[PDB]
Structure formats: C-alpha cells, structure tokens
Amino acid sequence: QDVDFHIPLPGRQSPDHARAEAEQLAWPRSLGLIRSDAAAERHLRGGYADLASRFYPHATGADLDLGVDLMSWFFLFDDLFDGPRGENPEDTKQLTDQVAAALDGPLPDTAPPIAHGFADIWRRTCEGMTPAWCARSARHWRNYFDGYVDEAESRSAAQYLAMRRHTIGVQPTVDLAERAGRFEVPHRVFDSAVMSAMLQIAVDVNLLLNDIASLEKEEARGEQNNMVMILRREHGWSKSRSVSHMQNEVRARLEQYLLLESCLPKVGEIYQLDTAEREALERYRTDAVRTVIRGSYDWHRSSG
C-alpha cells in the first residue's frame, strides 16, 4: 500500500462498477469455486471487481461482468499453488493441463471446478471476435500456464523477471480489454517492435508495483523470490535502497513508455493503416494498454 509513483495517465473507472461489485458472487458460486460463506467474504475483501472496473473502464453490463469474473478466476486459480502442489513441476502441470485443455475443445464433467470456470470465461472471451484474434489469445494463455510450470521447477533479477512476466497475467488481461471494448488492434501492428515494447513495459511495471505493495506479507513467511529480496542479494543492498531503485525503474519505464507512444503515428504509416485501423490502434493505446498500467496503481491505493 501507499508508496509514491510517477504515473502520468488519466485515472478512470467504470460508471457501472458498484452494481458489478454487488453481483460479484453469483458466478464463482454457481461453478463451485466458492462453497462456504466465509470463503465468499474472504473473496469480497480481495477487491477484484474494483480492479476489473479500472482495467476495463470502458466496459458495461455483461462485458464488465466478464472482466470481474476473469479477475476472480485469476486469484482463485493462484491459491491452488500456495500449497505443496506449487513445488512439484508434475502436480502443477497435472492441473495446468486440465485447465489449458479447454482451449482445444469441451471438458469432461470430471474436470475440477477451476477448469470449468476457466472454460466458461474463455467461451465468452472468444464468441464474436475473429478466429485469428481468438488464436492469438489462446497462444497467450498457454504461455501463462507454462509460466506456472517453469516456476514450480525452481524448487538474479534478470532471471526473476524472466519467469515472472508470464505468471503475472497481464497479457491475457489486456487481451480482455479488446473483447470488452468489442474492438481489435490491427494484428500486424500488434506484432510490431514498438507495441510489444509498450506491452513489455505494462508487464514490468505491474510486477514491480505488485512486488512493492505486498512486501511485508511475503517477507514474514521467508520468501526470497521477491524483487526486493532478490535486489539485496544480487547487489548487496539495504532493504531501503532496493525499494527506491524500484521506484526509479518504474519512473524510467514510464518515461520511455511515453517516448514510444509518440512513435506511434509514424508506426501507423509504416503499416499503412487505414482510417478504421488507425482508430482501433488508438483505442488499444488508451483503453487497453493504458488502463492496465494505471488501473493497477489506482487500485493498490485503497483495495487489495
């Protein structure tokens, strides 16, 4: 909670958010993901419908619900690896595969509820979008899953960031902004060195914000796979020099984000984007990439 940062983007949040936070439970309940009332309340206090409403400021009604549900599923799924299952590449994969199976076709009734939940989400993420968009999203989900498997394997900052960039969930998050918004950035521009650089900054910034906010919690339990802990190790720094340096890393990433944003008009020329395309890319910049950057910061300033 509350550490100062340099984030020059407009804070926004969906006008339909309250109604969204109110009906939050019907979904995870009906899919067996939350059984008892104390678990429901343990959920309400993570504040996932709030975060959804900042990542997806442009959404409403069922489109906002799909985001709320993604946010819920995200944390529910993450819990299942807090156990012993998290240090054995084979129990992780064991699970992973049953969830990732949903990307290829229908699931056997005997699949865990965390996998039927995911399928309900994906069935809704893709309906109405184009086949190619759909396939690009699926590719992203599979690395997410493999991210968890390559993490269980582990029993260096550049090595830490390396594995963390997949497990964080940013990309499939951003992908959902397109679906909720009902638009799609030009596929050829999505693959561009400039945009993927903007995407790598959204990811990096998110895990640095995240690692700072939860500093006192993972510390009390001995975890050494946290940016702060790792930064004192590699460099031999005091816990306060490790935190300032991260604020710096963020500040510098945000500076550059803006630099890249200015190269965007020229990038649209290079790809000879037409009028509609030039616009879908504008939406993507302001409604998907920006919101994932700012939404998280605004959120860590009250909830979760």
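Residue numbers run from 1 along the displayed sequence.
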Should the segment between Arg155 and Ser156 be described as having none, 1 to 3, 4 to 9, or 10 or more unmodelled residues of the deposited sequence? 4 to 9
Between 240 to 248 and 66 to 74, point out the one with the higher average CA B-factor as the PDB entry records it. 240 to 248
On mean C-alpha B-factor from the PDB entry, just flag whether 225 to 233 or 123 to 131 is the higher one. 225 to 233
Quick one: which of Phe145, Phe183, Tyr160, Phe190 has the biggest Cα B-factor according to the entry? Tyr160
Selection by C-alpha B-factor (highest) of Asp204, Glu178, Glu151, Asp97: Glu151
Chain thirds by Cα B factor, record data; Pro113 belongs to the middle
Relative C-alpha B-factor of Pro84, binned into the chain's lowest, middle or highest third: highest
Going by the recorded CA B-factors, say which third of the chain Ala220 sits in, lowest, middle or highest. highest
Sorting the chain's modelled residues by C-alpha B-factor and splitting them into thirds places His43 in the lowest
Ranking the modelled residues of this chain by C-alpha B-factor as given in the entry, is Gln200 in the lowest, middle or highest third? middle
